[PDB]
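Engineer: in the first instance, please consider these chains from the complex; the rest will follow:
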Amino acid sequence: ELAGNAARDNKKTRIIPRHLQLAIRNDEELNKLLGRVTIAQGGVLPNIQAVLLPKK
Amino acid sequence: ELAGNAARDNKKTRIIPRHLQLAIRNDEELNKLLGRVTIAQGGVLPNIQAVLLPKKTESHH
Amino acid sequence: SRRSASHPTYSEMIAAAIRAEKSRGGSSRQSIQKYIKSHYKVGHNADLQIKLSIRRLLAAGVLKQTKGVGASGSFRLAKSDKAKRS
């Protein structure tokens, strides 16, 4: 359900690992369930600490 | 063996959880085997980070 | 809003700051900044304007620096003995 929605937001007909990774890492519970699991070819969620951004 | 030695250094006939803890945590290898393990009534090894001490040395008898 | 700051000159405002604290260590840059707001009218660029004049007063020889380096330290006037303020 959640992987599919991510494939749709990406304008892709097929689910691929990154869509599974986005699905899992943005869902609080699935992330806990899989907190010590590495999803190959998934990457990471976009996160840039606030402090590291420009002041403007 | 190790905990027995710990009890002997303590002038104690009997091994107690602290003797087992001291044995285990001062043995680099036993410490790794048992590093996500809690020894009821063992406490912790004496250890105070150096930046927390005062620095001045003037000494004992 | 305060529309201006009706005040003396900064070389005099910092010289007036040190004279109102007879301290042998000397007045710091934060102690002078605490004076100039609390007892005179001053800008919002003031703290930067306090720091800039103490570079002109150190380079001229008017203001002597006790402990420290640059505008991070504590200073005093070249002669302690003055006619009427202190």
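Structural biologist: Good, I have the coordinates. Residues are numbered from 1 along each chain as shown, chains lettered A, B, ... in the order given.

Engineer: quick check: the gap between the residue nearest to the spatial centre of chain C and residue C:45.
Structural biologist: For chain C, the residue nearest the mean C-alpha position is residue C:14 (2.2 Å; Cα atoms, centre = their mean). Applying Cβ to Cβ, to the nearest Å, the value for residue C:14 to residue C:45 is 15 Å. All C-beta spots, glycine's among them, are computed from the backbone N, C-alpha and C.

Engineer: again with residue A:28
Structural biologist: Using Cβ to Cβ, residue A:28 is found at 48 Å from residue C:45.

Engineer: go on, residue A:32?
Structural biologist: Applying Cβ to Cβ, one obtains 52 Å for the distance of residue A:32 from residue C:45.

Engineer: give me the contact list for stretch A:31-45.
Structural biologist: Contacting residues not belonging to stretch A:31-45 are listed as A:16, A:17, A:18, A:20, A:21, A:22, A:24, A:25, A:26 [Cβ atoms under 8 Å, 6 or more residues apart in numbering or on different chains].

Engineer: find the residue closest to the spatially most central residue of chain A in space, skipping its chain neighbours.
Structural biologist: The centroid of chain A falls nearest to residue A:22 when counting by Cα atoms, centre = their mean (1.9 Å). Excluding the flanking residues, the one nearest residue A:22 by Cβ to Cβ, 6 or more residues apart in numbering or on different chains is residue A:6, at 4.5 Å.

Engineer: could I have the strand or helix carrying that neighbour exported to CSV, CA atoms only?
Structural biologist: Using DSSP states H and E, residue A:6 sits within helix A:2-9. Extracted in CSV, the C-alpha atoms of helix A:2-9 (Å, rounded to 0.1, in the frame of the first residue of the first chain):
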residue,chain,number,x,y,z
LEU,A,2,2.7,2.5,1.2
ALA,A,3,5.3,1.4,-1.4
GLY,A,4,2.8,1.8,-4.3
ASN,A,5,1.8,5.3,-3.2
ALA,A,6,5.5,6.2,-3.3
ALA,A,7,5.8,4.7,-6.8
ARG,A,8,2.9,6.9,-7.9
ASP,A,9,4.4,10.1,-6.3
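
Engineer: which SSE is immediately downstream of it?
Structural biologist: For helix A:2-9, the following helix or strand on the C-terminal side (DSSP H and E) is helix A:17-25.

Engineer: now do that next one: distance to the chain's middle.
Structural biologist: Mean C-alpha position of helix A:17-25 versus that of the full chain (Cα atoms, centre = their mean, to the nearest Å) differs by 4 Å.

Engineer: and chain D on top of that:
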Amino acid sequence: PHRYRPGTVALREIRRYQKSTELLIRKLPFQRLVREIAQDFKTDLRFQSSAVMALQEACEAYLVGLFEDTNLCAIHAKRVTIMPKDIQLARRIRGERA
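Structural biologist: Adding chain D to the chains above:
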């Protein structure tokens, strides 16, 4: 007249409590807490006394260890004082926290 400098009695206590193995939380309060937390899972529960001790042993071990990790984060920021961000960073890095 006589008084020790700040940190001196602290060090003395560090030495005291690292030397010993007694539980440091008071037992009855601890027990009351356990019972209370338990009530949100199942009503009118009973507890073997050793099960409470077993939970206190564990808690105290958990916290003592967390404080060790917390101290290191304090010291890493060139501080001697532990603060909530030190506990938070430790817990973040341990995997306990998001």
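
Engineer: and the contacts of stretch A:31-45, now that chain D is part of it?
Structural biologist: Contacts of stretch A:31-45 (Cβ under 8 Å, 6+ apart): A:16, A:17, A:18, A:20, A:21, A:22, A:24, A:25, A:26, D:95.

Engineer: before we move on, what about stretch A:2-9?
Structural biologist: Residues from elsewhere that reach stretch A:2-9 (Cβ under 8 Å, 6+ apart): A:13-16, A:18-20, A:22-24, A:26-27, A:30.

Engineer: present those as JSON lines; the columns should include distance to residue D:27.
Structural biologist: Formatted as JSON lines, the contacts of stretch A:2-9 follow (distance: Cβ to Cβ, whole Å):
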{"residue": "A:13", "distance to residue D:27": "63"}
{"residue": "A:14", "distance to residue D:27": "60"}
{"residue": "A:15", "distance to residue D:27": "54"}
{"residue": "A:16", "distance to residue D:27": "56"}
{"residue": "A:18", "distance to residue D:27": "52"}
{"residue": "A:19", "distance to residue D:27": "52"}
{"residue": "A:20", "distance to residue D:27": "48"}
{"residue": "A:22", "distance to residue D:27": "48"}
{"residue": "A:23", "distance to residue D:27": "47"}
{"residue": "A:24", "distance to residue D:27": "43"}
{"residue": "A:26", "distance to residue D:27": "44"}
{"residue": "A:27", "distance to residue D:27": "41"}
{"residue": "A:30", "distance to residue D:27": "40"}
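
Engineer: can you give me the helices for chain D?
Structural biologist: Here chain D has its helices, by DSSP state H, at D:8-19, D:27-39, D:49-76, D:84-94.

Engineer: just chain C next, same as before
Structural biologist: Going by DSSP H, chain C shows helices at C:10-19, C:29-39, C:46-60.

Engineer: format those helices as TSV; extra columns: distance to chain D.
Structural biologist: What follows is these, written out as TSV (distance: least, Cβ to the nearest Cβ, whole Å):
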stretch	distance to chain D
helix C:10-19	32
helix C:29-39	22
helix C:46-60	26
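
Engineer: would you tell me which of those helices gets closest to residue C:4?
Structural biologist: helix C:46-60 (12.9 Å; Cβ to Cβ).

Engineer: angle of the helix holding residue A:6 against helix A:17-25?
Structural biologist: Put simply, helix A:2-9 runs at 120 degrees to helix A:17-25, going by axes from the mean of the first three to the mean of the last three Cα atoms, to 10 degrees.

Engineer: give the buried residues for helix A:2-9.
Structural biologist: Going by neighbour count (16 or more other Cβ atoms under 10 Å in any protein chain shown), the buried part of helix A:2-9 is A:3, A:6, A:7.

Engineer: can you name the residue of chain A nearest chain B?
Structural biologist: Using Cβ to the nearest Cβ, the single residue of chain A nearest to chain B is residue A:36, 13.5 Å away.

Engineer: include chain E too:
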Amino acid sequence: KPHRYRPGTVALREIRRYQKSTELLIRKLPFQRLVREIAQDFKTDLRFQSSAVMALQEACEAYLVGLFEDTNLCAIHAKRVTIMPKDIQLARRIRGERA
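Structural biologist: Okay, chain E now, added to the rest:
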């Protein structure tokens, strides 16, 4: 007059580039050699399934990317922006990877 981005701006750009992607970031053959090097030290004349070498690389890069996140938090904790080896050593000590 020639265009120049202030320091930080192309770095921030790279972060975004790589966080959006999933390609392996270590070059494949160098990696593959290193694995075999290391593998000699335990057994001599070993072959690898290429999926075994890909599985290791996936696993490594994931661990390092992970360690960098914790290293970046330790750096920021101390009021910095620049990761340094004590950051890494702290992350790993709190992680319990290290004594």
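
Engineer: what do you get for the contacts of stretch A:31-45 once chain E is counted?
Structural biologist: Contact with stretch A:31-45 is made by A:16-18, A:20-22, A:24-26, D:95, E:19-22, E:55, E:58-59, E:62, E:65, as judged by Cβ under 8 Å, 6+ apart.

Engineer: mind doing that once more with 10 Å?
Structural biologist: A:16-27, D:95, D:98, E:18-24, E:54-55, E:57-59, E:61-63, E:65-66, E:69 (Cβ atoms under 10 Å, 6 or more residues apart in numbering or on different chains).

Engineer: also stretch D:22-41?
Structural biologist: Defining contact as Cβ under 10 Å, 6+ apart, one finds that stretch D:22-41 is touched by B:40-41, B:43, D:17, D:45-47, D:49, D:51-53, D:55-57, D:59-60, D:63-64.

Engineer: stretch C:5-21 now?
Structural biologist: Stretch C:5-21 is contacted by residues C:26-29, C:31-36, C:39-44, C:46, C:49-50, C:52-54, C:56-57, C:60, C:62-63, C:74-78, C:80, C:82, C:84-86 when judged by Cβ under 10 Å, 6+ apart.

Engineer: so which bits of chain D are right by chain B?
Structural biologist: Contact residues, chain D versus chain B (Cβ under 10 Å from any Cβ of the partner chain): D:5, D:7-8, D:10-11, D:14-15, D:17-23, D:53-54, D:56-58, D:60-62, D:64-65, D:68, D:71-72, D:74-75, D:78-80.

Engineer: so how do I select the buried members of these in PyMOL?
Structural biologist: Those of the residues of chain D next to chain B that count as buried under 16+ other Cβ under 10 Å are selected in PyMOL with:
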select buried, chain D and resi 21+53+56+57+60+61+71+72+74+75
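
Engineer: measure the residue nearest the centre of chain D to chain B for me?
Structural biologist: Centroid-nearest residue in chain D, with Cα atoms, centre = their mean: residue D:63, separated by 3.3 Å. Separation of residue D:63 from chain B (Cβ to the nearest Cβ, to the nearest Å) stands at 12 Å.

Engineer: spell out whether stretch D:62-82 and chain A are in contact.
Structural biologist: No. Judged by Cβ under 10 Å from any Cβ, stretch D:62-82 stays clear of chain A, getting no closer than 13.9 Å.

Engineer: gap between that stretch and the chain center?
Structural biologist: Taking Cα atoms, centre = their mean, one finds stretch D:62-82 lying 12 Å from the centre of the chain it belongs to.

Engineer: right, and residue D:17 touches residue D:11 too?
Structural biologist: No. Residue D:17 lies out of contact with residue D:11 (Cβ atoms under 10 Å); the separation is 11.2 Å.

Engineer: how much space separates the residue in chain D that chain B sits nearest to from residue B:45?
Structural biologist: Chain B sits closest to residue D:21 of chain D, with a gap of 3.7 Å, by Cβ to the nearest Cβ. Distance of residue D:21 to residue B:45, computed by Cβ to Cβ: 12 Å.
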